[PDB]
Amino acid sequence: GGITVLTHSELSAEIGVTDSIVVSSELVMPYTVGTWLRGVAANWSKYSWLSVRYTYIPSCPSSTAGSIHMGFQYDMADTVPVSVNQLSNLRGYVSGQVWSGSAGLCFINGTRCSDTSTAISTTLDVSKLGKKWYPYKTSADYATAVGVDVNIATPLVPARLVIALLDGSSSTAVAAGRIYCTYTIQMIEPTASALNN
Amino acid sequence: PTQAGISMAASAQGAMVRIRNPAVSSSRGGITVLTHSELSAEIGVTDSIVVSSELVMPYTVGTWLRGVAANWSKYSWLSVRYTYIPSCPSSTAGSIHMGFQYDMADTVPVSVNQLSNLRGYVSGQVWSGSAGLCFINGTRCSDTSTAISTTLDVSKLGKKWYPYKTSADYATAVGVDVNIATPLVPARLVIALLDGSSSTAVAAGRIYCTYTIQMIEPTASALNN
Amino acid sequence: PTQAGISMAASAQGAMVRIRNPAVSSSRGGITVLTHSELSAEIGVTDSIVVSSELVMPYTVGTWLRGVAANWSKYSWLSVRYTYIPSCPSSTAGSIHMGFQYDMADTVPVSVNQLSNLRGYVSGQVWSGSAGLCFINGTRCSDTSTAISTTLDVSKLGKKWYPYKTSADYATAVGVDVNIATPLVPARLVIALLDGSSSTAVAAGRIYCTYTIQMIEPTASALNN
Amino acid sequence: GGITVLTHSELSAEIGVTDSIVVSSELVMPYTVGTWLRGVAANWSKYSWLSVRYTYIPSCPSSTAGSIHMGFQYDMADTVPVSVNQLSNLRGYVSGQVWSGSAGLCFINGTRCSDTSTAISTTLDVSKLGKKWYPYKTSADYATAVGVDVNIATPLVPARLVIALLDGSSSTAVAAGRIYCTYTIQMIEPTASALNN
Ligand SMILES: [Ca+2]
Ligand SMILES: [Ca+2]
Ligand SMILES: [Ca+2]
Ligand SMILES: [Ca+2]
């Protein structure tokens, strides 16, 4: 009672596949997970992750050279991996060919999952996060805060998803796949949409 | 002491310290447990009061622990204990004082009194506390009613899970505003030394820390700040 | 394959890698055992032969292992395995080659042939070896007759106990004379890549290393060179 | 057969006690353990440690403020501890009041040891040393070798004993105690005395 529990699955990020190891990162918070949730979660001041799961889903030919990597960092102050190696250490390291993972599909439509060993997907260890409840922060205000000092962020966001997309066959981008997020969340302490930062 | 109430003060106390190999265990689920002891600080006493403070976080507590916990993003204190060992004669004059604070913004105590109020307070002659040895070496404990050592009440701190921070980056963040610190470290140890006999510092003792930590969510040692 | 002798080549192979949490255990006596897996190197193939070499010592093997073993003065390899995973299509042209050398003074191989002679040699199409996945993830192993992965014969090296060395200081010592190295590192991995189709390097695969190490005689992380 | 086994106990180093943490180090090899052994071991080319044990023995008043520390390093390349803290980490860390340890005495005369818990003394973990057999090296030639590069030493000496003598009551030295070494050694491959380096 009091809370509100949404459980959904939307595209979290489109992936381009190249040959020069490009390394990105997304905060594991509502405003960043995806457009849809970003829209809802706003109506609630704080929230708590219950089950966060990013899953890669291909959309390219089998003749598409390339591998993708995912992992998690938690002390926002830490330096985002420079080498994919450094990345393979993080919690929940995972990596497969940018055209495989077809099987992970059963995480997005919420169907009965058969064998998920071939699925390029990792989860968030919710039990080991700083706070139980976090404040809904807008990318804007967040940046402004990390501008003064990054550490002021450790209490605004639970973790960060480190993504690496190396190995390709061309110097320019080639559409490869998408990373959808399948989360279960508890939204609380409602608020006017435009009053959230 | 044979009878009851009678006490004999030695010319000087002596405790032979021997630290046993570390204890590490990767318990499925993520956490890696480490329990070890290290010489945390060197002590000196003067006729005028002196207040020393040390953050009770990985990078600061242990010199070995620093390099170890580096490979993990977070940690949770499970048991932190600062024990005191006198390396001087009973003919020495002086007393020690310890306690904890939890909001770095609070000013650092300046009177043996203010300090008497802090959590887990402890006082005692600079030349006593040898009793606490059994803690550091890790043997069977006898009469500890005479020992000078305190423990961090891990039971009630900000979070259970704190981020591994580096003295450097830490200070940088505290430079902005001290307050940014509360979400970076649980508490800190306060240490006072007065009732000494000379204006020039005298060899008092040393403080060893014996802790048990939980380390989680791995990371390349050098990617950690 | 249903019958026997018949083999079907896929348009492309795929292996979903998932590295499990490290395994650490402080076994009384001194040694601290660590068994973990890490992405050791990125691969690329060209029409002309290319010989890459990597020292098989802590600081070099693993990026996590680097920060870990730092807290111990020595170590003994117990099982080192370099596995290869193809991240490309069977339509790709190219083969890989690996083996070990033990005297850094020996010149680095320059022919796929010379390399065929080295210890624990292995060859195979750039797009194969997916079979070896079960090694890295650490699952139940099936048919590995098709996998591209080799192991270091820890059974016979200079010493059982080597000193933790740092790339920096190491090189400095090798600068004096390479030979000073033999008592600093067991052996090294040789890796060749030829039979490719373009002058400009192409995404081949990647090599993960899965090792089990013994670490001993503690030291402050920063006092180690 | 062939070998030769000496087991002895002689003064390895006199100790001065001060207030400014002075940190020394001695190689755990024949030429350095002590004068007597240095003299014998020379007649043999190589040798192997069987049981090395440094023991501190007081020789001062009980009114002598001070503590002593001992430990071991093995990668001769490592930087000798700068702080006693750093020292308390090494294998076999030990430390007690510079006037205690009276009990350790039973290690020097080889008598029946009662309770040795109060003895300031540590041992060498022989089972975990690089080589089984080492070459007898003279301080001279050793320095000359470490002059070119320290690493050229890891194969000449098994380990190094790090000793710290902090906490005192005076700015100048005060005779405190001695560190005797009680070793069991295997001397081999004999040689003319003056031909050993
Ligand atoms: Ca908000
Ligand atoms: Ca950190
Ligand atoms: Ca070293
Ligand atoms: Ca010689």
# chains A, B, ... in the order shown; residues from 1 in each chain; ligands from 1

$ residues_near_ligand --ligand "ligand 1" --cutoff "6 Å" --atoms "only C-alpha atoms and all ligand atoms" --output "CSV table (one decimal) with N, CA, C and O atoms, in the first residue's frame"
chain,number,residue,atom,x,y,z
A,45,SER,N,8.4,11.0,-6.7
A,45,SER,CA,9.7,11.5,-6.2
A,45,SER,C,10.9,10.6,-6.1
A,45,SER,O,11.9,10.7,-6.7
A,135,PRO,N,16.4,9.0,-5.4
A,135,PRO,CA,15.7,10.2,-5.8
A,135,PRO,C,15.6,10.1,-7.3
A,135,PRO,O,16.6,9.8,-8.0
A,136,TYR,N,14.5,10.5,-7.9
A,136,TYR,CA,14.4,10.5,-9.4
A,136,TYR,C,15.2,11.8,-9.8
A,136,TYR,O,14.8,12.9,-9.4
A,137,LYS,N,16.3,11.5,-10.5
A,137,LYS,CA,17.1,12.7,-11.0
A,137,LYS,C,17.1,12.8,-12.5
A,137,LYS,O,17.1,11.8,-13.2
A,196,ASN,N,10.0,17.7,-10.9
A,196,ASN,CA,11.1,16.7,-10.5
A,196,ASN,C,12.4,17.0,-11.2
A,196,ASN,O,12.4,17.3,-12.4
A,197,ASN,N,13.5,17.0,-10.4
A,197,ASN,CA,14.8,17.2,-11.0
A,197,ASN,C,15.8,16.2,-10.5
A,197,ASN,O,15.5,15.5,-9.5

$ residues_near_ligand --ligand "ligand 2" --cutoff "9 Å" --atoms "only C-alpha atoms and all ligand atoms" --output "PDB file with N, CA and C atoms, in the first residue's frame"
ATOM      1  N   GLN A  73      29.465  -0.723 -12.741  1.00  0.00           N
ATOM      2  CA  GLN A  73      30.354   0.027 -11.858  1.00  0.00           C
ATOM      3  C   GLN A  73      29.409   0.619 -10.808  1.00  0.00           C
ATOM      4  N   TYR A  74      29.891   0.904  -9.601  1.00  0.00           N
ATOM      5  CA  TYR A  74      28.983   1.444  -8.592  1.00  0.00           C
ATOM      6  C   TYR A  74      29.452   2.725  -7.890  1.00  0.00           C
ATOM      7  N   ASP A  75      30.765   2.923  -7.840  1.00  0.00           N
ATOM      8  CA  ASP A  75      31.306   4.130  -7.233  1.00  0.00           C
ATOM      9  C   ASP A  75      31.446   5.063  -8.400  1.00  0.00           C
ATOM     10  N   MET A  76      30.363   5.751  -8.725  1.00  0.00           N
ATOM     11  CA  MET A  76      30.359   6.672  -9.849  1.00  0.00           C
ATOM     12  C   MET A  76      31.675   7.429 -10.032  1.00  0.00           C
ATOM     13  N   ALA A  77      32.463   7.542  -8.967  1.00  0.00           N
ATOM     14  CA  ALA A  77      33.740   8.240  -9.037  1.00  0.00           C
ATOM     15  C   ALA A  77      34.796   7.477  -9.854  1.00  0.00           C
ATOM     16  N   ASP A  78      34.702   6.143  -9.866  1.00  0.00           N
ATOM     17  CA  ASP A  78      35.646   5.287 -10.602  1.00  0.00           C
ATOM     18  C   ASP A  78      35.716   5.695 -12.077  1.00  0.00           C
ATOM     19  N   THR A  79      36.877   5.481 -12.690  1.00  0.00           N
ATOM     20  CA  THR A  79      37.063   5.835 -14.090  1.00  0.00           C
ATOM     21  C   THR A  79      36.470   4.793 -15.016  1.00  0.00           C
TER      22      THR A  79
ATOM     23  N   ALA B  70      41.001  -2.683  -2.987  1.00  0.00           N
ATOM     24  CA  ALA B  70      41.058  -1.894  -4.212  1.00  0.00           C
ATOM     25  C   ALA B  70      40.389  -2.593  -5.378  1.00  0.00           C
ATOM     26  N   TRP B  72      37.737  -4.245  -5.432  1.00  0.00           N
ATOM     27  CA  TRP B  72      36.291  -4.346  -5.280  1.00  0.00           C
ATOM     28  C   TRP B  72      35.710  -2.940  -5.170  1.00  0.00           C
ATOM     29  N   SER B  73      34.548  -2.709  -5.782  1.00  0.00           N
ATOM     30  CA  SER B  73      33.913  -1.389  -5.754  1.00  0.00           C
ATOM     31  C   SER B  73      33.317  -0.939  -4.417  1.00  0.00           C
ATOM     32  N   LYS B  74      32.710  -1.854  -3.667  1.00  0.00           N
ATOM     33  CA  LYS B  74      32.125  -1.493  -2.378  1.00  0.00           C
ATOM     34  C   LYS B  74      32.647  -2.364  -1.242  1.00  0.00           C
ATOM     35  N   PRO B 163      31.259   2.898  -0.683  1.00  0.00           N
ATOM     36  CA  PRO B 163      32.126   2.803  -1.856  1.00  0.00           C
ATOM     37  C   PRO B 163      33.593   2.938  -1.470  1.00  0.00           C
ATOM     38  N   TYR B 164      34.451   2.161  -2.114  1.00  0.00           N
ATOM     39  CA  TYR B 164      35.872   2.252  -1.824  1.00  0.00           C
ATOM     40  C   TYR B 164      36.293   3.626  -2.310  1.00  0.00           C
ATOM     41  N   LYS B 165      36.857   4.416  -1.410  1.00  0.00           N
ATOM     42  CA  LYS B 165      37.290   5.752  -1.775  1.00  0.00           C
ATOM     43  C   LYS B 165      38.800   5.845  -1.582  1.00  0.00           C
ATOM     44  N   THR B 166      39.452   6.794  -2.256  1.00  0.00           N
ATOM     45  CA  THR B 166      40.900   6.981  -2.130  1.00  0.00           C
ATOM     46  C   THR B 166      41.147   8.278  -1.382  1.00  0.00           C
ATOM     47  N   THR B 219      36.450  -4.781  -9.727  1.00  0.00           N
ATOM     48  CA  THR B 219      36.873  -3.719 -10.644  1.00  0.00           C
ATOM     49  C   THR B 219      38.378  -3.750 -10.784  1.00  0.00           C
ATOM     50  N   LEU B 223      41.180   1.317 -11.837  1.00  0.00           N
ATOM     51  CA  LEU B 223      40.025   2.055 -12.323  1.00  0.00           C
ATOM     52  C   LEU B 223      39.252   2.594 -11.131  1.00  0.00           C
ATOM     53  N   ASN B 224      39.692   2.219  -9.929  1.00  0.00           N
ATOM     54  CA  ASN B 224      39.024   2.646  -8.694  1.00  0.00           C
ATOM     55  C   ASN B 224      39.538   3.953  -8.103  1.00  0.00           C
ATOM     56  N   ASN B 225      38.611   4.854  -7.808  1.00  0.00           N
ATOM     57  CA  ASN B 225      38.951   6.132  -7.208  1.00  0.00           C
ATOM     58  C   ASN B 225      38.104   6.304  -5.950  1.00  0.00           C
TER      59      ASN B 225
END

$ atom_distance --atom1 "atom CA of residue 83 of chain C" --atom2 "atom CA of residue 81 of chain A"
22.4 Å

$ select_by_dssp --residues "segment 68-184 of chain D" --states "strand (DSSP E)" --output "MDAnalysis selection string"
chainID D and resid 68:73 91:97 121:123 134:135 160:166 175:184

$ residues_around --residues "segment 25-34 of chain C" --least-positions-apart "5" --cutoff "10 Å" --atoms "only C-alpha atoms" --output "PDB file with N, CA, C and O atoms, in the first residue's frame"
ATOM      1  N   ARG B  20      48.787 -12.920  12.789  1.00  0.00           N
ATOM      2  CA  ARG B  20      48.637 -14.124  11.977  1.00  0.00           C
ATOM      3  C   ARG B  20      48.223 -13.803  10.530  1.00  0.00           C
ATOM      4  O   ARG B  20      47.614 -12.763  10.269  1.00  0.00           O
ATOM      5  N   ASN B  21      48.576 -14.698   9.602  1.00  0.00           N
ATOM      6  CA  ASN B  21      48.263 -14.553   8.176  1.00  0.00           C
ATOM      7  C   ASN B  21      46.818 -14.104   7.988  1.00  0.00           C
ATOM      8  O   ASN B  21      45.939 -14.441   8.781  1.00  0.00           O
ATOM      9  N   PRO B  22      46.544 -13.356   6.919  1.00  0.00           N
ATOM     10  CA  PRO B  22      45.186 -12.878   6.665  1.00  0.00           C
ATOM     11  C   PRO B  22      44.206 -14.025   6.480  1.00  0.00           C
ATOM     12  O   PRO B  22      44.608 -15.173   6.299  1.00  0.00           O
ATOM     13  N   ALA B  23      42.919 -13.706   6.531  1.00  0.00           N
ATOM     14  CA  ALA B  23      41.876 -14.705   6.366  1.00  0.00           C
ATOM     15  C   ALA B  23      40.905 -14.251   5.292  1.00  0.00           C
ATOM     16  O   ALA B  23      40.071 -13.371   5.516  1.00  0.00           O
ATOM     17  N   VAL B  24      41.015 -14.859   4.120  1.00  0.00           N
ATOM     18  CA  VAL B  24      40.150 -14.504   3.016  1.00  0.00           C
ATOM     19  C   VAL B  24      39.293 -15.664   2.571  1.00  0.00           C
ATOM     20  O   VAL B  24      39.765 -16.797   2.479  1.00  0.00           O
ATOM     21  N   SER B  25      38.038 -15.371   2.262  1.00  0.00           N
ATOM     22  CA  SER B  25      37.112 -16.408   1.839  1.00  0.00           C
ATOM     23  C   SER B  25      36.027 -15.892   0.895  1.00  0.00           C
ATOM     24  O   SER B  25      35.174 -15.090   1.278  1.00  0.00           O
ATOM     25  N   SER B  26      36.068 -16.360  -0.349  1.00  0.00           N
ATOM     26  CA  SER B  26      35.087 -15.952  -1.342  1.00  0.00           C
ATOM     27  C   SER B  26      33.802 -16.750  -1.178  1.00  0.00           C
ATOM     28  O   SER B  26      33.668 -17.845  -1.730  1.00  0.00           O
ATOM     29  N   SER B  27      32.865 -16.190  -0.417  1.00  0.00           N
ATOM     30  CA  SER B  27      31.572 -16.821  -0.159  1.00  0.00           C
ATOM     31  C   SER B  27      30.554 -16.552  -1.280  1.00  0.00           C
ATOM     32  O   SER B  27      30.044 -15.436  -1.409  1.00  0.00           O
ATOM     33  N   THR B  32      33.511 -11.166  -0.634  1.00  0.00           N
ATOM     34  CA  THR B  32      34.790 -11.800  -0.384  1.00  0.00           C
ATOM     35  C   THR B  32      35.078 -11.288   1.018  1.00  0.00           C
ATOM     36  O   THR B  32      35.112 -10.077   1.240  1.00  0.00           O
ATOM     37  N   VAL B  33      35.238 -12.197   1.973  1.00  0.00           N
ATOM     38  CA  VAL B  33      35.488 -11.787   3.344  1.00  0.00           C
ATOM     39  C   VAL B  33      36.942 -11.796   3.717  1.00  0.00           C
ATOM     40  O   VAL B  33      37.667 -12.752   3.452  1.00  0.00           O
ATOM     41  N   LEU B  34      37.348 -10.713   4.364  1.00  0.00           N
ATOM     42  CA  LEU B  34      38.719 -10.541   4.800  1.00  0.00           C
ATOM     43  C   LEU B  34      38.716 -10.100   6.261  1.00  0.00           C
ATOM     44  O   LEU B  34      37.956  -9.215   6.654  1.00  0.00           O
TER      45      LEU B  34
ATOM     46  N   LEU C  65      43.775  -9.401 -11.733  1.00  0.00           N
ATOM     47  CA  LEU C  65      44.830 -10.137 -11.049  1.00  0.00           C
ATOM     48  C   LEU C  65      45.983  -9.215 -10.713  1.00  0.00           C
ATOM     49  O   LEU C  65      46.677  -9.413  -9.711  1.00  0.00           O
ATOM     50  N   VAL C  68      45.194  -7.537  -7.451  1.00  0.00           N
ATOM     51  CA  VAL C  68      45.060  -8.524  -6.393  1.00  0.00           C
ATOM     52  C   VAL C  68      46.393  -9.026  -5.866  1.00  0.00           C
ATOM     53  O   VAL C  68      46.774  -8.741  -4.731  1.00  0.00           O
ATOM     54  N   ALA C  69      47.093  -9.786  -6.700  1.00  0.00           N
ATOM     55  CA  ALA C  69      48.377 -10.371  -6.333  1.00  0.00           C
ATOM     56  C   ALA C  69      49.389  -9.359  -5.816  1.00  0.00           C
ATOM     57  O   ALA C  69      50.422  -9.733  -5.256  1.00  0.00           O
ATOM     58  N   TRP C  72      50.802  -9.562  -2.271  1.00  0.00           N
ATOM     59  CA  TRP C  72      51.609 -10.715  -1.892  1.00  0.00           C
ATOM     60  C   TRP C  72      52.944 -10.642  -2.628  1.00  0.00           C
ATOM     61  O   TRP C  72      52.978 -10.257  -3.795  1.00  0.00           O
ATOM     62  N   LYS C  74      55.180 -13.227  -3.497  1.00  0.00           N
ATOM     63  CA  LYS C  74      55.424 -14.260  -4.501  1.00  0.00           C
ATOM     64  C   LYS C  74      54.133 -14.898  -4.998  1.00  0.00           C
ATOM     65  O   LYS C  74      53.041 -14.555  -4.553  1.00  0.00           O
ATOM     66  N   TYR C  75      54.275 -15.838  -5.924  1.00  0.00           N
ATOM     67  CA  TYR C  75      53.134 -16.543  -6.491  1.00  0.00           C
ATOM     68  C   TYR C  75      53.607 -17.751  -7.256  1.00  0.00           C
ATOM     69  O   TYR C  75      54.746 -17.811  -7.701  1.00  0.00           O
ATOM     70  N   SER C  76      52.711 -18.703  -7.436  1.00  0.00           N
ATOM     71  CA  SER C  76      53.037 -19.894  -8.188  1.00  0.00           C
ATOM     72  C   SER C  76      51.861 -20.182  -9.080  1.00  0.00           C
ATOM     73  O   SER C  76      50.724 -20.270  -8.608  1.00  0.00           O
ATOM     74  N   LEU C  78      49.352 -22.290 -11.103  1.00  0.00           N
ATOM     75  CA  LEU C  78      48.848 -23.612 -10.818  1.00  0.00           C
ATOM     76  C   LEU C  78      48.141 -24.148 -12.034  1.00  0.00           C
ATOM     77  O   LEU C  78      48.033 -25.360 -12.225  1.00  0.00           O
ATOM     78  N   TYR C 211      42.890 -18.649 -15.176  1.00  0.00           N
ATOM     79  CA  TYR C 211      43.973 -19.153 -14.339  1.00  0.00           C
ATOM     80  C   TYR C 211      43.607 -19.459 -12.885  1.00  0.00           C
ATOM     81  O   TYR C 211      42.551 -19.061 -12.389  1.00  0.00           O
ATOM     82  N   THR C 212      44.520 -20.155 -12.211  1.00  0.00           N
ATOM     83  CA  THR C 212      44.384 -20.513 -10.801  1.00  0.00           C
ATOM     84  C   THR C 212      45.751 -20.220 -10.209  1.00  0.00           C
ATOM     85  O   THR C 212      46.733 -20.868 -10.567  1.00  0.00           O
ATOM     86  N   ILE C 213      45.820 -19.255  -9.304  1.00  0.00           N
ATOM     87  CA  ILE C 213      47.100 -18.878  -8.735  1.00  0.00           C
ATOM     88  C   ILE C 213      47.223 -19.009  -7.231  1.00  0.00           C
ATOM     89  O   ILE C 213      46.230 -18.953  -6.504  1.00  0.00           O
ATOM     90  N   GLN C 214      48.462 -19.186  -6.779  1.00  0.00           N
ATOM     91  CA  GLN C 214      48.772 -19.289  -5.361  1.00  0.00           C
ATOM     92  C   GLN C 214      49.550 -18.037  -5.031  1.00  0.00           C
ATOM     93  O   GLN C 214      50.536 -17.728  -5.696  1.00  0.00           O
ATOM     94  N   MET C 215      49.111 -17.312  -4.013  1.00  0.00           N
ATOM     95  CA  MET C 215      49.787 -16.085  -3.634  1.00  0.00           C
ATOM     96  C   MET C 215      50.271 -16.204  -2.208  1.00  0.00           C
ATOM     97  O   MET C 215      49.540 -16.695  -1.355  1.00  0.00           O
ATOM     98  N   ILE C 216      51.497 -15.748  -1.948  1.00  0.00           N
ATOM     99  CA  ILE C 216      52.086 -15.852  -0.611  1.00  0.00           C
ATOM    100  C   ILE C 216      52.852 -14.634  -0.115  1.00  0.00           C
ATOM    101  O   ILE C 216      53.001 -13.639  -0.825  1.00  0.00           O
ATOM    102  N   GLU C 217      53.354 -14.743   1.114  1.00  0.00           N
ATOM    103  CA  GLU C 217      54.151 -13.698   1.771  1.00  0.00           C
ATOM    104  C   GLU C 217      53.719 -12.246   1.513  1.00  0.00           C
ATOM    105  O   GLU C 217      54.355 -11.529   0.730  1.00  0.00           O
ATOM    106  N   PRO C 218      52.645 -11.794   2.199  1.00  0.00           N
ATOM    107  CA  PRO C 218      52.032 -10.460   2.132  1.00  0.00           C
ATOM    108  C   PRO C 218      53.015  -9.297   2.148  1.00  0.00           C
ATOM    109  O   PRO C 218      54.165  -9.439   2.598  1.00  0.00           O
TER     110      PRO C 218
ATOM    111  N   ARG D  91      55.347 -10.965   6.101  1.00  0.00           N
ATOM    112  CA  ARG D  91      55.190 -12.280   6.717  1.00  0.00           C
ATOM    113  C   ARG D  91      56.012 -12.329   7.998  1.00  0.00           C
ATOM    114  O   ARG D  91      57.144 -11.831   8.050  1.00  0.00           O
ATOM    115  N   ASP D 125      60.105 -19.052   6.515  1.00  0.00           N
ATOM    116  CA  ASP D 125      59.281 -20.051   5.861  1.00  0.00           C
ATOM    117  C   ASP D 125      60.066 -20.687   4.717  1.00  0.00           C
ATOM    118  O   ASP D 125      59.785 -20.415   3.554  1.00  0.00           O
ATOM    119  N   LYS D 128      58.800 -22.112   1.129  1.00  0.00           N
ATOM    120  CA  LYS D 128      58.365 -21.172   0.096  1.00  0.00           C
ATOM    121  C   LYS D 128      59.433 -20.216  -0.449  1.00  0.00           C
ATOM    122  O   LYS D 128      59.130 -19.077  -0.806  1.00  0.00           O
TER     123      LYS D 128
END

$ closest_residue --among "D:119, D:165, D:105, D:80" --to "ligand 3" --atoms "only C-alpha atoms and all ligand atoms"
D:80

$ residues_near_ligand --ligand "ligand 4" --cutoff "12 Å" --atoms "only C-alpha atoms and all ligand atoms" --output "JSON, numbers by chain"
{"D": [29, 30, 31, 38, 41, 42, 43, 44, 45, 46, 47, 133, 134, 135, 136, 137, 138, 139, 140, 141, 142, 156, 157, 187, 188, 189, 190, 191, 192, 193, 194, 195, 196, 197]}

$ closest_residue --among "D:35, D:118, D:151, D:3" --to "ligand 3" --atoms "only C-alpha atoms and all ligand atoms"
D:151

$ atom_distance --atom1 "atom CA of residue 161 of chain B" --atom2 "atom CA of residue 130 of chain A"
5.3 Å

$ select_by_dssp --residues "segment 135-224 of chain C" --states "helix (DSSP H, G or I)" --output "ChimeraX atom specification"
/C:135-138,154-156,167-176,178-181,221-223

$ write_last_selection --atoms "N, CA and C atoms" --output "compact mmCIF listing (two decimals), in the first residue's frame"
# COMPACT_ATOMS: atom_id res chain seq x y z
N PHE C 135 35.08 -23.53 -21.05
CA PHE C 135 36.26 -23.33 -20.19
C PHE C 135 36.15 -22.03 -19.43
N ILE C 136 35.89 -20.97 -20.18
CA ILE C 136 35.77 -19.63 -19.64
C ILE C 136 34.57 -19.48 -18.72
N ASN C 137 33.37 -19.80 -19.20
CA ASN C 137 32.18 -19.69 -18.37
C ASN C 137 32.30 -20.65 -17.18
N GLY C 138 32.92 -21.79 -17.42
CA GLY C 138 33.12 -22.78 -16.38
C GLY C 138 31.94 -23.71 -16.21
N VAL C 154 52.59 -26.03 -16.17
CA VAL C 154 53.19 -25.58 -14.92
C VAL C 154 54.13 -26.63 -14.32
N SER C 155 53.91 -27.88 -14.72
CA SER C 155 54.68 -29.01 -14.24
C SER C 155 56.21 -28.81 -14.28
N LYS C 156 56.72 -28.14 -15.31
CA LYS C 156 58.17 -27.96 -15.46
C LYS C 156 58.70 -26.57 -15.85
N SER C 167 55.39 -4.46 -14.68
CA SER C 167 55.82 -4.24 -16.06
C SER C 167 57.00 -3.26 -16.06
N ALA C 168 56.81 -2.13 -15.40
CA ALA C 168 57.83 -1.10 -15.32
C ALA C 168 59.19 -1.66 -14.91
N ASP C 169 59.37 -1.92 -13.62
CA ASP C 169 60.63 -2.45 -13.10
C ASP C 169 61.15 -3.61 -13.93
N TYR C 170 60.23 -4.47 -14.37
CA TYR C 170 60.61 -5.62 -15.19
C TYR C 170 61.40 -5.12 -16.38
N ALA C 171 60.73 -4.35 -17.23
CA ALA C 171 61.38 -3.82 -18.42
C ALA C 171 62.72 -3.18 -18.07
N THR C 172 62.75 -2.37 -17.01
CA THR C 172 63.99 -1.72 -16.60
C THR C 172 65.11 -2.74 -16.44
N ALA C 173 64.79 -3.87 -15.81
CA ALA C 173 65.76 -4.95 -15.58
C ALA C 173 66.14 -5.68 -16.87
N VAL C 174 65.18 -5.77 -17.78
CA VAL C 174 65.40 -6.42 -19.04
C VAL C 174 66.20 -5.47 -19.92
N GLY C 175 66.13 -4.19 -19.60
CA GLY C 175 66.86 -3.20 -20.37
C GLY C 175 68.34 -3.44 -20.18
N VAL C 176 68.71 -3.82 -18.96
CA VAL C 176 70.09 -4.11 -18.61
C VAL C 176 70.54 -5.25 -19.51
N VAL C 178 68.35 -8.84 -21.19
CA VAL C 178 67.15 -9.66 -21.23
C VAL C 178 67.25 -10.81 -20.23
N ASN C 179 68.35 -11.55 -20.29
CA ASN C 179 68.54 -12.68 -19.41
C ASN C 179 68.12 -12.53 -17.96
N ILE C 180 68.29 -11.34 -17.38
CA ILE C 180 67.89 -11.15 -15.99
C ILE C 180 66.44 -11.58 -15.79
N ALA C 181 65.71 -11.70 -16.90
CA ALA C 181 64.29 -12.06 -16.88
C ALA C 181 63.91 -13.48 -16.49
N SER C 221 50.62 -3.16 -0.66
CA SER C 221 50.48 -3.07 -2.11
C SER C 221 51.50 -2.17 -2.82
N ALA C 222 51.71 -0.97 -2.28
CA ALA C 222 52.62 0.00 -2.87
C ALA C 222 54.11 -0.22 -2.61
N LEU C 223 54.46 -1.18 -1.77
CA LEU C 223 55.87 -1.43 -1.49
C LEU C 223 56.39 -2.47 -2.47

$ atom_distance --atom1 "atom CA of residue 54 of chain C" --atom2 "atom CA of residue 189 of chain C"
5.1 Å
